[PDB]
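J.: I have a structure I would like to understand better, so I am pasting it below and will then ask my questions one at a time.
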Amino acid sequence: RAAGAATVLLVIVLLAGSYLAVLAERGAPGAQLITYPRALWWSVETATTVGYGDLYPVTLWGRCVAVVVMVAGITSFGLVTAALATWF
Amino acid sequence: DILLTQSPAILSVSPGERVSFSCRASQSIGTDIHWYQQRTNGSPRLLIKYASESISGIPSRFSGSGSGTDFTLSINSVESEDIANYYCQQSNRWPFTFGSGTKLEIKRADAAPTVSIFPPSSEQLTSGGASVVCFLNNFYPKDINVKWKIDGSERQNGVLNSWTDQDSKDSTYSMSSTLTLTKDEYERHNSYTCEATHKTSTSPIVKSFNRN
Amino acid sequence: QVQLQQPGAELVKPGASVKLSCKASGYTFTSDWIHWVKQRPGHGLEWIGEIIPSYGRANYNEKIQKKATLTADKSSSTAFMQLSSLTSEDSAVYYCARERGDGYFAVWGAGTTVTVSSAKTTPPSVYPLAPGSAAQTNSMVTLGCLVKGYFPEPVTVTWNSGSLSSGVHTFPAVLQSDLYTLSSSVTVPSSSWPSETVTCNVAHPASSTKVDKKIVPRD
Ligand SMILES: [K+]
Ligand SMILES: [K+]
Ligand SMILES: [K+]
Ligand SMILES: [K+]
């Protein structure tokens with residue numbers, strides 16, 4: 001059950017992401033992904049793949065940050081999912 | 001970029017009355033609006049954040065409301081200290097932008113000006129200059145006229161006036177009038193007088209002094 | 001304690017450049033952004049740009065001609081704004097402000113008054129304003145101080161080192177022949193003066209001078 005290993009990895013990526021996300025996005029006129037608190041909620045619906053479109057990126061890097069949260073998140077939930085199936 | 005429209009630019013209210021400042025965004029910005037107060041010669045001060053959230057240290061008198069494109073900053077029972085310029089600011093989209101500001105003006109009871117005239121100081125005379133200063137303090141409305149007379153004859157040259165903004169202490173206005181002359185010009189005249197004409201009186205308020 | 005410290009004034013000759021500073025104290029987070037806002041006399045607030053000290057990246061208002069370059073020194077917790085090739089259009093008060101990455105300016109500096117002119121700096125002459133011998137006093141008495149011949153703006157006038165605030169009016173300065181002049185008014189109970197001293201303190205940032213003038217009754 002080295003799943004907690006992903007929980008760790010992801011929660012960081014969520015934070016890592018939300019910090020860069022705002023950094024990459026600001027400066028780009030019209031971006032709304034420009035404050036930590038929210039960017040953080042973005043990073044979650046993104047890593048959980050729920051994507052509501054309430055917020056998202058428009059700058060090449062913000063998008064690079066995105067792609068990384070998504071994956072890591074898909075990866076994370078995968079391992080954490082697989083683990084739950086074994087011990088149950 | 002988001003345009004923030006604050007209209008009217010000036011709002012006149014009577015003491016203790018509730019007042020509402022308006023802020024309209026060119027597009028929907030949720031509740032990402034913040035309000036600042038800026039008194040004469042002071043720096044901006046945060047009053048309300050995210051449209052309606054209270055800031056510790058700010059009187060309960062202040063409150064905000066609205067979402068989308070229309071926002072309001074309200075003051076329950078305005079008092080003199082609230083006299084200042086009020087600005088809204090949005091943080092929904094980059095770049096952050098500011099509204100053009102609304103000034104709060106209070107309509108209080110009329111008050112006659114307190115007039116004081118001051119002879120030039122000896123320290124100044126020692127430098128070959130002579131300034132005669134007159135204060136017309138704490139009056140209302142701000143409309144007022146000052147006239148100078150030297151030895152009974154109206155004087156206009158060398159006179160510079162200055163008017164303060166409405167005072168956040170008592171909602172009144174004040175004005176200074178300065179007659180500057182050379183020590184010589186000053187030495188060859190006897191009496192100097194300042195006269196104030198204000199709505200509160202049909203007759204002028206005069207203050208004088210003789211150089212001797 | 002003052003979270004953001006900015007110098008009072010800067011005189012700059014047309015075409016030259018100047019570097020404004022903003023020293024911050026209090027809690028500091030990796031998510032803090034330092035903003036700069038310009039305000040011309042009688043006008044509103046204009047956003048200039050922002051910088052994130054923890055990373056060093058800066059963004060600027062695209063709607064206006066770029067006059068500023070922002071930098072930050074982490075070790076001294078100081079943010080700087082280099083304004084270059086200035087003209088009279090650049091004369092204004094420049095504020096620095098701190099945002100915790102959550103959209104609002106929690107705190108502002110006192111602002112730096114920048115004047116773009118060829119004229120030279122000149123400390124003010126402070127003269128007393130005491131009633132004439134024939135003036136009749138009421139339950140209150142009005143005194144003051146004349147501050148003239150200074151440049152550039154501004155000057156800060158306080159009474160009794162700041163302990164006296166009520167009953168004080170400082171009039172806007174008037175410009176004549178490359179020099180400013182203003183007076184400040186103070187009213188105290190007629191009985192307390194001259195028994196209780198009344199002194200005005202005049203500070204002129206541009207010349208790094210601050211003088212005091214005790215107000216005593218005329219000879
Ligand atoms: K999905
Ligand atoms: K989806
Ligand atoms: K969607
Ligand atoms: K949608």
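Residue names in the structure tokens use chain letters A, B, ... in the order shown, residue numbers from 1 in each chain, and ligand numbers from 1 in the order shown.
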Extract, using only C-alpha atoms, all DNA, RNA and protein residues at most 10 Å from residue 80 of chain B, discarding same-chain residues fewer than 5 positions from it, and format them as a list in words.
T.: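 So the residues in contact are residues 15, 16, 104, 105, 106, 108, 166, 167, 168, 169, 170, 171 and 172 of chain B.
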J.: Using only C-alpha atoms and all ligand atoms, what are the residues with an atom within 9 Å of ligand 1, set out as a VMD selection string?
T.: chain A and resid 46 48 to 51
J.: I want to know what sits within 6 Å of segment 23-39 of chain C, based on only C-alpha atoms, with residues of the same chain fewer than 4 positions away left out; could you give that as a ChimeraX atom specification?
T.: /C:3-5,44-52,54,77-78,92-101
J.: Go ahead and save the residues from that selection, with C-alpha atoms, as a tab-separated table (two decimals), in the first residue's frame.
T.:
```
chain	number	residue	atom	x	y	z
C	3	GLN	CA	5.19	47.62	7.19
C	4	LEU	CA	6.41	49.58	4.13
C	5	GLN	CA	8.94	52.44	4.36
C	44	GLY	CA	-6.93	58.87	-9.16
C	45	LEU	CA	-4.82	55.76	-8.55
C	46	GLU	CA	-2.99	54.19	-11.49
C	47	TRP	CA	-1.47	50.71	-11.27
C	48	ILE	CA	2.13	50.63	-12.56
C	49	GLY	CA	3.33	47.07	-12.03
C	50	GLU	CA	4.09	44.29	-9.58
C	51	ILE	CA	6.95	42.02	-8.59
C	52	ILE	CA	7.19	38.78	-6.64
C	54	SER	CA	10.53	35.16	-3.92
C	77	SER	CA	13.66	42.96	2.14
C	78	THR	CA	13.64	45.96	-0.17
C	92	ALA	CA	3.45	62.40	-8.93
C	93	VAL	CA	3.23	60.45	-5.71
C	94	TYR	CA	4.40	56.85	-6.16
C	95	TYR	CA	3.11	54.32	-3.62
C	96	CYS	CA	4.34	50.82	-3.00
C	97	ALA	CA	1.84	48.32	-1.60
C	98	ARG	CA	1.89	44.74	-0.39
C	99	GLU	CA	-0.49	42.01	-1.56
C	100	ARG	CA	-0.44	38.54	0.01
C	101	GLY	CA	-1.21	36.92	-3.36
```
J.: Have a look at A:3, A:16, A:34, A:11 and name the one nearest to chain B; count only C-alpha atoms.
T.: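 Smallest separation from chain B among the options: A:34.
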J.: Within 9 Å of ligand 4, which residues show up when you count only C-alpha atoms and all ligand atoms? List them as a PyMOL selection string, please.
T.: chain A and resi 52-54
J.: Output N, CA, C and O atoms for every residue in that selection, as a PDB file, in the first residue's frame.
T.:
```
ATOM      1  N   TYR A  52     -14.154  22.113 -14.525  1.00  0.00           N
ATOM      2  CA  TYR A  52     -15.449  22.771 -14.658  1.00  0.00           C
ATOM      3  C   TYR A  52     -15.376  23.941 -15.605  1.00  0.00           C
ATOM      4  O   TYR A  52     -16.394  24.401 -16.118  1.00  0.00           O
ATOM      5  N   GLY A  53     -14.175  24.454 -15.819  1.00  0.00           N
ATOM      6  CA  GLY A  53     -14.059  25.608 -16.694  1.00  0.00           C
ATOM      7  C   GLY A  53     -14.323  26.925 -15.972  1.00  0.00           C
ATOM      8  O   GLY A  53     -14.359  27.989 -16.586  1.00  0.00           O
ATOM      9  N   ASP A  54     -14.525  26.860 -14.662  1.00  0.00           N
ATOM     10  CA  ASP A  54     -14.742  28.075 -13.912  1.00  0.00           C
ATOM     11  C   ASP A  54     -13.413  28.847 -13.946  1.00  0.00           C
ATOM     12  O   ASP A  54     -13.396  30.086 -13.959  1.00  0.00           O
TER      13      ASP A  54
END
```
J.: Show me, as an MDAnalysis selection string, the residues of chain C whose atoms get within 6 Å of chain B, using only C-alpha atoms for the distance check.
T.: chainID C and resid 44 103 110 129 131 171
J.: Could you save those same residues with C-alpha atoms as a compact mmCIF listing (two decimals), in the first residue's frame?
T.:
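Output saved as again.txt:
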```txt
# COMPACT_ATOMS: atom_id res chain seq x y z
CA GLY C 44 -6.93 58.87 -9.16
CA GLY C 103 -5.90 40.16 -4.65
CA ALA C 110 3.35 56.58 2.75
CA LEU C 129 2.46 83.80 13.43
CA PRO C 131 -1.50 87.71 17.34
CA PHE C 171 -3.11 74.95 3.86
```
J.: Using only C-alpha atoms, which residues sit within 12 Å of segment 81-87 of chain A once same-chain residues fewer than 3 positions away are excluded, as a list in words?
T.: residues 1, 2, 3, 4, 5, 6, 7, 73, 74, 75, 76, 77 and 78 of chain A
J.: List every residue of chain A that has an atom at most 8 Å from any atom of chain C, and for each one report the closest atom pair and its distance in Å to one decimal, counting only C-alpha atoms, with rows sorted by chain and then by increasing residue number, as a Markdown table.
T.:
```
| residue | atom | partner | partner_atom | distance |
| --- | --- | --- | --- | --- |
| A:19 | CA | C:31 | CA | 7.8 |
| A:26 | CA | C:59 | CA | 7.6 |
| A:27 | CA | C:59 | CA | 5.3 |
| A:35 | CA | C:102 | CA | 5.2 |
| A:36 | CA | C:101 | CA | 6.1 |
| A:37 | CA | C:102 | CA | 6.8 |
```
J.: Save out the residues we just selected, C-alpha atoms, as a compact mmCIF listing (two decimals), in the first residue's frame.
T.:
```txt
# COMPACT_ATOMS: atom_id res chain seq x y z
CA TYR A 19 2.21 28.66 -7.09
CA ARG A 26 -0.24 36.74 -14.31
CA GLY A 27 1.01 39.27 -16.84
CA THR A 35 -4.31 34.29 -6.98
CA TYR A 36 -3.06 31.37 -4.91
CA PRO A 37 -6.20 30.44 -2.99
```
J.: Using only C-alpha atoms, select each residue of chain A with any atom at most 12 Å away from an atom of chain B, and give the selection as a PyMOL selection string.
T.: chain A and resi 22-35+38+54-55+57-58
J.: Among the residues of chain C, find those DSSP assigns to strand (DSSP E) from the backbone and print them as a PyMOL selection string.
T.: chain C and resi 4-5+9-12+18-24+33-39+46-52+57-60+68-73+78-83+92-99+105-108+112-116+125-129+140-150+156-159+168-170+174-176+179-189+199-204+209-214
J.: In terms of the shortest atom-to-atom distance over only C-alpha atoms, which of A:70, A:65, A:80, A:45 is closest to residue 18 of chain A?
T.: A:65
J.: Quick one, how far is atom CA of residue 39 of chain A from atom CA of residue 72 of chain A?
T.: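 Atom-to-atom, atom CA of residue 39 of chain A and atom CA of residue 72 of chain A are spaced 16.6 Å apart.
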